[PDB]
Amino acid sequence: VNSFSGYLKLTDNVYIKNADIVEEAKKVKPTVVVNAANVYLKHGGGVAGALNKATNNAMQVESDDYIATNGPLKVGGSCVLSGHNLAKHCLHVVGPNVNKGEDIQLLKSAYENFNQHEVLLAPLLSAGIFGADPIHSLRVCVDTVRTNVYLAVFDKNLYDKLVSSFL
Ligand SMILES: Nc1ncn(Cc2ccc(Cl)cn2)c2ncnc1-2
């Protein structure tokens, strides 16, 4: 039993809710919140900009030190950093950005990072400003993630479409 509330169950292990991931993180304090990161961990907009803003820029400060030490992530890769005031940990995952021409097949690799964590609060990878089709992203999520994932979808209109077109 966990503290996630109001989710619709899609499969054995995937759940979905119309929610602001920032507000959901602050209420649940999950062990892991997933960030929709880029390889430079520059949290300027979308989910990343919102999560970072909610940490009063502490996420960005920590991320800049991470990059200075380790260099950029790979597209499809991830790193675990602090969750600050939002979660115990933040899993920064880099989905492909279609608006940069990155290979959508890397989306499966990106979701594989979730399998290293038993339970996660997450957005749909490569959705929003990353330019992928959120319905495809949901399908890859369901077909790749085996651990328990609670998907927060900010846009109500999109949430309803994801539920209604879900196979
Ligand atoms: N605070 C928030 N802002 C934006 N989105 C949309 C979004 C989804 C996926 C990606 Cl890759 C980029 N952006 C959110 N979903 C849940 N919470 C969100």
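Order of appearance sets the numbers: ligands from 1, and atoms from 1 within every ligand. In this chain, numbering begins with 1 at the start of the sequence shown.
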Between the protein and ligand 1, are there any N or O atom pairs that come within less than 3.5 Å of each other, and if so, what are their names and distances?
unit_1	atom_1	unit_2	atom_2	d
ligand 1	1 (N)	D20	OD1	3.4
ligand 1	17 (N)	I21	N	3.4

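- Applying the side-chain hydrogen bond (donor to acceptor under 3.5 Å, both in side chains) test to residues at least two apart or on different chains, the pairs with a partner in residues 33-43 are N35-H43, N35-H92, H43-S63.
- The one candidate from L121, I21, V93, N113 that meets the side-chain contact (heavy atoms from CB on, under 4.5 Å) condition with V34 is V93.
- Counting only heavy atoms from C-beta outward, the side chains of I104 and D133 never approach each other to under 4.5 Å.
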Under the side chain to side chain contact (heavy atoms under 4.5 Å, CB included) rule, what do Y150 and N2 come out as? Steps first, then yes or no, please.
CA-CA 11 Å; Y150 289 83; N2 65 51; 2.9 Å; yes

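- Atom NZ of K88 has 12 or fewer heavy atoms from other residues, nucleotides or ligands within 6.0 Å.
- Counting non-hydrogen atoms of neighbouring residues, nucleotides and ligands closer than 6.0 angstrom, the NZ atom of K29 exceeds 12 such neighbours.
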